[PDB]
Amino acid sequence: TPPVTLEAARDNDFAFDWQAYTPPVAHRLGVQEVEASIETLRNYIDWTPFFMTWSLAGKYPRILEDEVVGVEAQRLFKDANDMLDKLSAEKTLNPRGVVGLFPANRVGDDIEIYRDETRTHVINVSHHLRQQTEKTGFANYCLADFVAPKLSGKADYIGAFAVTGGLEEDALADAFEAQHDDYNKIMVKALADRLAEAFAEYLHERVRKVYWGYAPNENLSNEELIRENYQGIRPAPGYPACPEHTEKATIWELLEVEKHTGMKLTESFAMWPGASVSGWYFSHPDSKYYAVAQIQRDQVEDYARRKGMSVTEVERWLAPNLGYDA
């Protein structure tokens, strides 16, 4: 669909009656280091992407009884769970994370994150982009729209997290590599990835039920979790609703991620360990995933100003989303 101006997109923001709504208050404000054992996380694994990593099609568990790939899938599953058993018993891969909840309000396309409930001093701003093509029957979405506008005077909140399958991932993979054991190098990396993603799923449930606490009686099966049958989202920088990777630096500062977990950011703002997930938490019932997609020069320049960056800098970080030749 054809581009619209930045002002036209903002005039089509998510429509919601904030005066009639009470955002749920975060029960546990502040930052908390967390850990999770392999025994705990293995009940939150989504196995279907594991089999995709091994080039097998089909959803788990039905893939195990498949007529052509089932026997191979069963052997992969057995080797995977034997390796989880060993990693668990030997404590050689140790998932870690950190979670935080903060007072927050929307201003424009950004989310102000406050030091405290006086909502004066801003400790960080979470910057977001807005869809910028002609939308029929939908808002031009921006993740900031899911937090109450500061002008509404409603007390709202935002969360953030960072989790990893464990800092030991490289040492375990590198040992298999030195042995020319490609199978087990792929296996331990695929397991660390499942453990990181399982930790993201588990911690999000902890946030909905307890840390934020807006869904204390939620009782979903793992299959229902995989289907996202809960209220709220956990969008991650680099994914289509928030594609701009340098916002991971804001999460790293907000949560003191490196101090609490050992996890690091590269110059490309990739996470280390490789098996890592970081992102935000939104509680709003209408919050959903979508793609920002292609944006125009006016929004690039505005984003640069808000970020304290030059236009040239931002055109690097936003290159995949530029709707024009830079």
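All residue numbers refer to positions in the sequence shown, first residue = 1.
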Exercise. So 21-29 or 306-314, which one's hotter by mean CA B-factor in the entry?
Worked result: 306-314
Problem set entry | Mean temperature factor over C-alpha atoms, higher-scoring stretch between 234-242 and 130-138 | 130-138
Exercise. In the PDB entry, which of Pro285, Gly70, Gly279, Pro273 has its C-alpha at the highest B-factor?
Worked result: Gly70
For this session: Among the candidates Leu101, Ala148, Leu172, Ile123, give the one with the maximum CA B-factor reported in the record.
Result: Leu172
Exercise. Going by the entry, which third of its chain does the Cα temperature factor of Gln179 land in?
Worked result: highest
Exercise. According to the PDB entry, is the CA B factor of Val257 in the bottom, middle or top third of its chain, that is, lowest, middle or highest?
Worked result: lowest
Problem set entry | Record-listed C-alpha B factor of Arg194: chain third | lowest
Problem set entry | Ranked C-alpha temperature factor of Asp156 among modelled chain residues, by third | lowest
Exercise. In terms of the CA temperature factor given in the entry, to which third of its chain does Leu41 belong: lowest, middle or highest?
Worked result: lowest
